[PDB]
Amino acid sequence: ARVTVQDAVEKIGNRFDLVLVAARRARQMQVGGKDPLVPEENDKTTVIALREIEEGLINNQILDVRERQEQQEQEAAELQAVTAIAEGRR
Amino acid sequence: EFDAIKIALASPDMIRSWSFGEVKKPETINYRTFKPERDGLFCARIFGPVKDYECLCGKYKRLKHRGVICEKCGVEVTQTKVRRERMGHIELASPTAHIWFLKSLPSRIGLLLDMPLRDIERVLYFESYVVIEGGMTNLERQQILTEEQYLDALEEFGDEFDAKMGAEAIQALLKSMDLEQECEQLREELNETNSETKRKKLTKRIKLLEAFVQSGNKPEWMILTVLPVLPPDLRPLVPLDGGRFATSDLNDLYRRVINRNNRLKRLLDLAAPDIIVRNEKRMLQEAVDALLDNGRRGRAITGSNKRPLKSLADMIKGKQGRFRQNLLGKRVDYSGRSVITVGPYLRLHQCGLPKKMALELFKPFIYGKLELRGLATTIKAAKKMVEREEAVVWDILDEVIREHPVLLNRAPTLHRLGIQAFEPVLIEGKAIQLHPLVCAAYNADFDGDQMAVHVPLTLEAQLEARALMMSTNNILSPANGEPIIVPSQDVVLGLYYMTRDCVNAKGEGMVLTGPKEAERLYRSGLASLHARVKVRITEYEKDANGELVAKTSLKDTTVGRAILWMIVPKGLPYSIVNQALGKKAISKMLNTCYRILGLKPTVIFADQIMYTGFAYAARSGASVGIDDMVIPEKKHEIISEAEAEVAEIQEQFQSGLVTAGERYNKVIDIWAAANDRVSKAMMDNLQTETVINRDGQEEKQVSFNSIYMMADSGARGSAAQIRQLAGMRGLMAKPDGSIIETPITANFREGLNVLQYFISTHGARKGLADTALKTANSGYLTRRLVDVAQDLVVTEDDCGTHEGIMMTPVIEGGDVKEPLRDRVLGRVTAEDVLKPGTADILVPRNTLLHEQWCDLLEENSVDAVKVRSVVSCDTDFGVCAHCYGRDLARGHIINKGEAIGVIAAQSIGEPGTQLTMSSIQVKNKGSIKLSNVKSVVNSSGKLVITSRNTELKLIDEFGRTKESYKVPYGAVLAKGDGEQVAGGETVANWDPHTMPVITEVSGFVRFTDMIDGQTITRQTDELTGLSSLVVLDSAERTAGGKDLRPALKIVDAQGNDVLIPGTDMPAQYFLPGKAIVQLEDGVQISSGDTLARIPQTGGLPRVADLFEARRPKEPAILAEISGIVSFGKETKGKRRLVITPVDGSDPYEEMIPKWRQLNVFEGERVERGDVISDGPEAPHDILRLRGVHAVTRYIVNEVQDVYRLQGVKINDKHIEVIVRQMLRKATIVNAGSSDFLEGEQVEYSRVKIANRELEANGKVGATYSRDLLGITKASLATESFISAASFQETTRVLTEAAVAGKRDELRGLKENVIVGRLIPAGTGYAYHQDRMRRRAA
Amino acid sequence: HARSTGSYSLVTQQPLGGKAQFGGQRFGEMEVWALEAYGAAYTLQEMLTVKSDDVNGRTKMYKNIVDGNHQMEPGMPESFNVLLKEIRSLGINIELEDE
DNA sequence: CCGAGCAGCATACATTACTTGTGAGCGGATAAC
DNA sequence: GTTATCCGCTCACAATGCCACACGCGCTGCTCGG
Ligand SMILES: [Mg+2]
Ligand SMILES: [Zn+2]
Ligand SMILES: [Zn+2]
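Shown next as structure tokens:
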């Protein structure tokens, strides 16, 4: 249920950065969809992202650190696999 | 893929490089076989294969041969799309000029060669000769020749003398010229000669040469040798139903040119009859000129269709040129339009949408959803399903738009609100419902006005529309901080009816346990909708910030107000409803609700207001009948009486008792008086005719008539229209503007005779024609605006300056037309404004003046405050956050990225459709201030004024300024400074046509060349007999008194000159012409005595000329410097006039039109910036004299007067940014260590950063003078060119920016729009800062 | 009447204009000024390039939006390349800067 | 012998046509040494 | 007389957006043709 964006722009003191980070999070939740944190009400991913923003648990830093954690896990797993293959080829 | 655009000339090698071949034959397509004729304007061999991935001859037909060329016809079998790209070239059989660089003032070739354009044209077209290299003969390298001179020199010289003619002659002349040699020659020469007109032309030429040699261009390229022909696909021969291919005019021009070329080559091969080939080269030059531009040199009309042909330039310039037609605004494939109904049920963010339109628009989303649910595995199956509209597709569609926003737009999108975002709701029919409030915002009626729809498809755009342009975001105009969501009509009527009070209505005198109880009591039909009762009400409050206390009161109210109270959302006190609640009251209620509760409850509250208003309006059944509008029973009597009056007045005139003009005036005066009488009588009879009784005799009350209920509530129409309907229609206006004597004594309810209707038609057609012209004019104005401020984006957050303007409440002389509160509401202070008690800083130096600080200022009652305007911000290539101040249409300060320029232009241009096309009487009390006043006390205790800049001011008790008039030279003062006077007292009056010669030191007077006959003419005052003298100046009389000059020596009481009190310079009182002097010789003078007495737009075009800052007709000349005045030699072109400085030199003896009145004496010490010959002050001179703050104050005050005259309000930030734009150019004074020339016009930003960088080192900077151009010329001289290109000219700017190689860095809105990438304004600002912080290191 | 997709002008790869030609509405000058008055950067961008031009870009947008992904791959509107070729057809040389 | 394409044609001439409003370069009159 | 100065003369150059509809779009006597 989104009718305004004032709470969101309060959590991010600029409408421009607001829509930017919210579109980034919505793209996350739409393609390669991370599960939406706030329980959706059968709504589009856009308002889901806005709600997750205004609730106070999504912002620029949170998105960046989540991306970095994903990078770390991904690199650790794939490097373990490549070392296993390296032993398998010898 | 890029970050810049470079443009320059194209060397013949470059052009031949672009081409993939040479066209040789003119004919395009064979009709007996629809195939491109070989080596023609569409040949496949040169440009590309017609059929996709298929040879022309038909040999190769498969992708297995992508790249090979056939051999039967020789075509490279690739994608047909390439025919959109490959270009051709034409090896011209002889050089030819380029019509742009020849006829684009100033002609590039002309300035490049120091040759008059007329001779250049006469030698290009083969009707002259030009000698080159200047051989042994006495012929100069630039000299021209006609026939006889040429052949005679040929007889006298067979060699060493090369007089060539035509294009190739000019080509050789160019290629022979050494660029840097002549450049440095003129450079060393410019420091040698005078005057500054030669120096001006020469600095222009050396600028041209330096820009040329700087770029890689070479002058011989300015004469074409190989003409590149446009790709074929871009000039497509479009077919018809049969074989009637519509020949696009470009192919016609190209065929003409190539035909001339082929014929000319054939002639060149056949022994070349000299005059024949001469004329043929002339004809070919003409044809090529026509192709590059059909404009100059006559026309090139097509066969039997009397109209010129679209040349290449014609495909770029104009409203159909690629810029304003396809690049700037391009048609969208993903949208639709319809007609808008009302649909008054949807919520404020929703909007109706027909099933047909949604099913057509969201088709790809529907295909996606169907593929998801697998209800149609193939895309073609899904297309079939949508074609049949199975019962599932509607559920799918309803699902796919549950939150997907949409864009609605009105046809003329004057300002930012012209496009809004809604959520669609499916409806039937084909109309587009939209909320009534936003339709009042769109300036959209329901007369059949159409609206366009758009669907933002990418995720960024969906979320952007939801976050930025959704209706629940735009509730304040970017122009004024007023709320745009105003309940217009049909609800103000409803609420107003719901909140009134019949003195005796069913249910009066009860007690209600609450609002819901009153609602039930009403719906049950037991109590009237409006009767006085005692209702218990729980109005909530916020005592501390956050809390909500409740004070259950028992207030006397009416049932209607109590019912309405069920809608206010736990905020506002009861006093917001208890009133009669008209329209202004509704706006006030909505404003205070947005102020207290925030936004979301306010939009819910506004929607609830709209709903209940419509509901109880319908329940009211407000209805206008013929017997509703009443006529006062005195109107007949008043009109008959005024008729008797005008009759006896006219008889008096024909009886010879009054002049015809004053008779007309008296007649119109008594008619206007009778009109006001009838209007007041009608109003006083209508508004209170309701005389009802309660428990007894009688009571009056405000009327319940349907009319005047649609008026008192402000629902629709003002009392001026009511009186024009029921009361007398009043006077009417002639076509010229004069007013007819006999007015329209009748009214609309009664009949109108034929003549009265005729005059009303005069007026109405005047109005309609005015509207029909002003629409287009204002459109052009706003288009010019948005293309001079389209660059402004707020980048810096704090420029860190101290210079603002001194905002002060405007005072036109009468009341304060605008207090300081609104002129400073929301704009950061430049200086820490302290209260009148000094040493106590009231506000810190960087405070955003939000409303509470304005309240504090009103409390301490400050006169003026310095504020950080935009015209003084120090941001390079932009403007800082603070210098723009409060982000109107919101509350906070602006966010870095909002393109203030475009919204400012829009806010200024939107109301354009509402434009058109002796004594002193104080009013209030208080001290009497007199600023810049040099006056002397006469022999009557008064104070006669002797200076020009004497400004009278009335100050109230609070020390603040209240009134301000301009006392001229020679006014009497009934009071002095610090004199408490009451209003109406005439403190100063003066005869307008007397410029006295009052003396500041008394004594006697002697004459120096004050003689009759020659200089002066003596005549007796035949009425009385006093020997008056008409003293003529040198100019007034004949030449017999040119050198003879009067001088009234202010001598002692014995006949010798004494000084002035304070200084040692006596008063040599000289005379102006037409001086009717009365005081005979030797008669005593009293200080302040008249030694002689000498006599003396409005709408959209006004603001237009103001922004163009064009020099008005005979502008008010000012003084450049200070010093004492002195005339010179008469008829020096214009009469001479010098102003000797205090200590410096006066090298200027400025020339002034002797005929036009000169306001200055000869013994006056005139400070710079003072009126010399009154009139309008041209903005150029205003700036050049008193800096930039003077000119910005002047322009904002003028345009703001123009707007306040029409009732519209515009916040000054926008005009401030506009003036900041139209003076961004600069001129250089010195040269300094910088690489800048003297008269070179540079951008203030660039020269300022150059001075900054030079001051970083030890070297000196160059002093600059801020220029000021009209918005059009300012935009044209923009650093970037593509903007200036698309804007208005796109034929000079292209030539110039080419011949100089002005590599256009985009860094701007319109440029990026053209390119198609993001915009530095919006979220694209974040994108661009990320880029320029990462890509550009 | 509305327009999802359909024909396009051949000289400039834009949708046709007119109810009969099944064309779409025209986003005009004042419309663009309004759209950029708000910070609607991405909206204006997609309405410029991928909606009307960049034929490859718009086919990609179509194929990507039927696949439930509202991301755009913008580019250079062929109208601008047409302008380039027109100017270049004159003696003027206009290029896209390398960087 | 006329039907079907073509190449360069202000139809050869006097076509033609009140004010549109503004800036800007330009050529003949003008002040000065 | 000349050199710079200035004032009337003539020409270039702009004219809101959309929408819809309608209509039309060389020719012609020389040239290729049987
Ligand atoms: Mg209308
Ligand atoms: Zn082939
Ligand atoms: Zn600033």
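Residue numbers (our numbering), protein chains in the order written: chain A, 1 to 90; chain B, 10001 to 11337; chain C, 20001 to 20099. Virtual Cβ for every residue (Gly too), placed ideally from N, Cα, C.
Asked                                                                                                                      : Found
Heavy atom of ligand 2 within 7 Å of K10035 of chain B beta-carbon                                                         : no
Separation of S10215 of chain B from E10184 of chain B, as counted between CA atoms                                        : 17 Å
Cβ separation of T10197 of chain B and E20046 of chain C, assumed to be a contact under 8 Å, to the nearest whole Å        : Contact flag wrong, Cβ pair sits at about 54 Å.
Endpoints, the alpha helix (DSSP H) within which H10636 of chain B is located                                              : 10635-10654
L10253 of chain B and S10311 of chain B closer than 8 Å at C-beta                                                          : yes
Burial state of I11249 of chain B (16 or more Cβ within 10 Å)                                                              : exposed
Contact test: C10055 of chain B Cβ vs ligand 2 heavy atom, cutoff 7 Å                                                      : yes
Any C-beta of chain A under 8 Å from that of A10441 of chain B                                                             : no
Rounded straight-line distance, which links the Cα of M10806 of chain B to that of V10862 of chain B                       : 12 Å
Assigned secondary structure, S10215 of chain B (DSSP; H/G/I helix, E/B strand, else coil)                                 : coil
Beta-carbon proximity check, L10174 of chain B vs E10220 of chain B, cutoff 8 Å                                            : yes
Residues of the stretch 20044-20066 of chain C whose Cβ lies closer than 9 Å to any Cβ of chain B, in chain order          : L20044, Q20045, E20046, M20047, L20048, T20049, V20050, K20051, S20052, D20053, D20054, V20055, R20058, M20061, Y20062, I20065, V20066
Chain A contact residues for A11326 of chain B, given Cβ-Cβ distances below 7 Å                                            : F16, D17, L20
Any chain A beta carbon closer than 8 Å to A10467 of chain B                                                               : yes
Contact list for the stretch 20004-20029 of chain C against chain A, Cβ threshold 9 Å                                      : none
N- and C-terminal bounds of the alpha helix (DSSP H) containing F11287 of chain B                                          : 11282-11287
Residues, ordered as in the chain, of the stretch 24-52 of chain A that lie near chain C by beta-carbon distance below 8 Å : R27, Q30, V31
Rounded Cβ spacing between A10715 of chain B and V11217 of chain B (contact assumed at less than 8 Å)                      : 37 Å between Cβ atoms; not a contact.
7 Å Cβ cut-off: residues of chain C touching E10898 of chain B                                                             : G20039
Closer than 7 Å: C10351 of chain B CB and nearest ligand 2 heavy atom                                                      : no
8 Å Cβ cut-off: residues of chain A touching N20069 of chain C                                                             : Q30, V31
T10499 of chain B, buried or exposed, once every other Cβ within 10 Å from all chains shown has been counted against 16    : buried
Cβ-heavy atom distance, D10449 of chain B to ligand 1, below 7 Å                                                           : yes
Spatial distance of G11232 of chain B from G11301 of chain B (CA atoms)                                                    : 26 Å
Heavy atom of ligand 2 within 7 Å of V10788 of chain B beta-carbon                                                         : no
Buried versus exposed call for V11191 of chain B [16 or more other C-beta atoms within 10 Å across all chains shown]       : buried
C10502 of chain B and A10531 of chain B closer than 8 Å at C-beta                                                          : yes
Inter-residue spacing [alpha-carbon to alpha-carbon] between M10589 of chain B and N10578 of chain B                       : 11 Å
Cutoff 8 Å: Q61 of chain A Cβ touching any chain B Cβ                                                                      : no
Listed by chain order, chain A residues near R10108 of chain B by CB distance under 7 Å                                    : What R10108 of chain B touches in chain A: nothing, since even the nearest Cβ is about 44 Å away.
Closer than 9 Å at the beta carbon, the chain C residues around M10087 of chain B                                          : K20085, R20088, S20089
Neighbour flag for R10723 of chain B against chain A, beta carbons, 8 Å                                                    : no
8 Å Cβ cutoff met for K10866 of chain B and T10829 of chain B                                                              : yes
Cross-strand partners of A10531 of chain B (DSSP beta bridge)                                                              : B:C10502
Test: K10363 of chain B CB closer than 8 Å to a CB of chain C                                                              : yes
Contact test: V10075 of chain B Cβ vs ligand 2 heavy atom, cutoff 7 Å                                                      : yes
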